[PDB]
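Single chain ahead, by itself, as structure tokens, in the form deposited in one PDB entry.
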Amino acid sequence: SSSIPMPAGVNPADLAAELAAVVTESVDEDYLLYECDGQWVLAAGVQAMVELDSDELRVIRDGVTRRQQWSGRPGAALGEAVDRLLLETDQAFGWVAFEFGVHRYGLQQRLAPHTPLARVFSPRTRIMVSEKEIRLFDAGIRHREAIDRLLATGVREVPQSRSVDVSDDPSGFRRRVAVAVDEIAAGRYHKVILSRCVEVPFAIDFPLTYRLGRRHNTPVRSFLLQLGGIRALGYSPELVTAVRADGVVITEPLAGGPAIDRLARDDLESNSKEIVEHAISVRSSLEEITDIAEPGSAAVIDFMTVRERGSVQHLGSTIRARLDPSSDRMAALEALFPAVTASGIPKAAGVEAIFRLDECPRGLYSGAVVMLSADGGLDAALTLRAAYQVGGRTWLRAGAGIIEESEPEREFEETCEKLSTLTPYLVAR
């Protein structure tokens, strides 16, 4: 492990995104950049890839693909493969699809064959960028020379963004919300999150868009990736699960000018509908975390407080527990996935309603971006406020929590508001 001092007057997010863009392009390698607690970790190059699909598990290393049949819990299949990765490298990175969370509710038969559940890789090199320093892990000579060449120059100018039209409704979001409202009125479930894709008619420069959007937002976590033909970036508004080496498990569900921002904060703390849903959600997180925790260790340590994320303020709680010796970090992720914010209440009913009333598979949207460590660590950020590119198609995706009182026009405008997090910050390629 070697170190380079962080150059003064340079923002870590900008430098990490520039390294991700230029260093990985010169050697033509895949990567994942993950921001977590002031640290930007760039996982560059694929030493080994774990592909978990609905019908198969693959481990691809040095041109060789090992295929495996799997049965039971997807977390057990993923965990066993990722633990083997972590015996050779200190950290592993990737993404978990929304579809990974359907098995706990017995809904996996509704998945088409070859449905992606997770993609986790061990990188060839890691570059950690923070305000204090740049730390290099397993960086070969060719990579160290590329990093020094990038550092001898200033970061690129971020060009002006290109606007996107989000006013159209080709997937019939308004109609699908009306169906959900009728189902809720009939007592089938209490809440469901429905969403819509918005096609971007031009190719996006992902690392430059990442930089422009990160200037205005201070999210819980962020990511930028180019992995297995998928380009993605996002500003995670929620921590699904964090597992520490000492056994502490955390989950932080959310639920919700200077004078205008203070008035919005006062409403966020007094809104009855938001308070009721938050209490139900906190109770759901507590019941779920108790199935993997040491008896009597589950507790709410921060209850209903505002967290400022720069351009967005959230009402949230922190649920903590100690991981039971009979459980593991993948079981903890399975117990807390999918998030209530990504599914609905009751969670099983919300997930089932999403199969019928949303464009499926969701893939990365409402899934998680993850960082795992050899000492047992896990960090999983909820994937919302994200942009994607897969084989010629570039798109955004945003949803809304639909309840009995929801109105289709109001909820369409609510997805328009969530889309505003990225739409003015899209840099064209």
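In this text, rigid core is short for the largest set of C-alphas that superpose within 1.5 Å between two forms. For every residue, the number given is its place in the sequence shown, counted from 1.
- Count the deposited residues lacking coordinates between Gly79 and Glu80 and you get none at all.
- Comparing 175-183 with 220-228, the higher mean C-alpha B-factor in the PDB entry belongs to 175-183.
- The PDB entry records a higher mean C-alpha B factor for 404-412 than for its counterpart among 19-27 and 404-412.
- Among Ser195, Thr241, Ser122, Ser272, the highest C-alpha B-factor recorded in the PDB entry belongs to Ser272.
- In this entry, the residue among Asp205, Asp358, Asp138, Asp302 with the greatest C-alpha B factor is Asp302.
- When the CA B factors of the chain's modelled residues are split into thirds, the value for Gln91 lands in the lowest one.
- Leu233: CA B factor lies in the lowest third for its chain, per the PDB record.
- Sorting the modelled residues of the chain by their CA temperature factor places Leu336 in the middle third.
- Per the PDB record, residue ranking by Cα B-factor puts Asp165 in the highest third of the chain.
- Ranked within its chain, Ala293 lands in the highest third, by CA B factor from the PDB record.
Below: the form deposited in another entry, not depicted.
- The one residue among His314, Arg231, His190, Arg104 whose Cα position changes by 2 Å or more between the shown form and the other one, with the core held fixed by superposition, is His314.
- Once the rigid core is used as the reference frame, the Cα position of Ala264 differs between the shown form and the other one by 2 Å or more.
- Relative to this form, the distance between the C-alpha atoms of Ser311 and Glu131 is increased by at least 3 angstroms in that other deposited form.
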